[PDB]
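J.: Coordinates for the following, if possible.
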Amino acid sequence: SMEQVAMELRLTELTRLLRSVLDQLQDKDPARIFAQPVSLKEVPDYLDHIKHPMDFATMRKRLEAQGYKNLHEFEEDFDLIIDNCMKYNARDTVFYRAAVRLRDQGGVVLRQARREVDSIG
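T.: Numbering: from 1, shown residues only. Shown next is the structure:
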């Protein structure tokens, strides 16, 4: 149908906007602490602590399959990255501190993303 196509064009354009959002958020992680999944070879107990691991490469795979239907879903995954780190790592660690800075800096980006998603529809 033509309606299915229009819907698919809308998902494609959201994917475009989320890709640019993703790039902006990942620039706020210049140390690349959140770039890849925590290694279960190097942290064998990780899944006993963290039930839903997340990282920027895993988001990018979901994104490119057009697997985010709305901004809320994308933000859920970004919050997992931050929140998982803040639980597993103590306050005095470079990892925890990196997550705090990513959260604070990402907030600005996500604020305008929401406006753009509503504005363009």
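
J.: going forward, measure contacts and count neighbours with C-alpha atoms only.
T.: Will do.

J.: How about the secondary structure of residue 44?
T.: For residue 44, the assignment made with DSSP: H, G, I helix; E, B strand; the rest coil gives coil.

J.: what's around residue 80, how many residues?
T.: 16 (other C-alpha atoms under 10 Å).

J.: Please identify the helix or strand for the residue nearest the centre of the chain.
T.: The centroid of the chain falls nearest to residue 78 when counting by C-alpha atoms, centre = their mean (3.1 Å). Element membership for residue 78 (DSSP states H and E) is helix 71-88.

J.: Tell me the first helix or strand C-terminal of that helix.
T.: Assigned by DSSP H and E, the successor of helix 71-88 is helix 94-120.

J.: What residues of that following helix count as buried?
T.: 95-100, 102-103, 105-106, 110, 113 (16 or more other C-alpha atoms under 10 Å).

J.: what's the angle from it to helix 71-88?
T.: 170 degrees (axes from the mean of the first three to the mean of the last three C-alpha atoms, to 10 degrees).

J.: Many thanks, have a good one.
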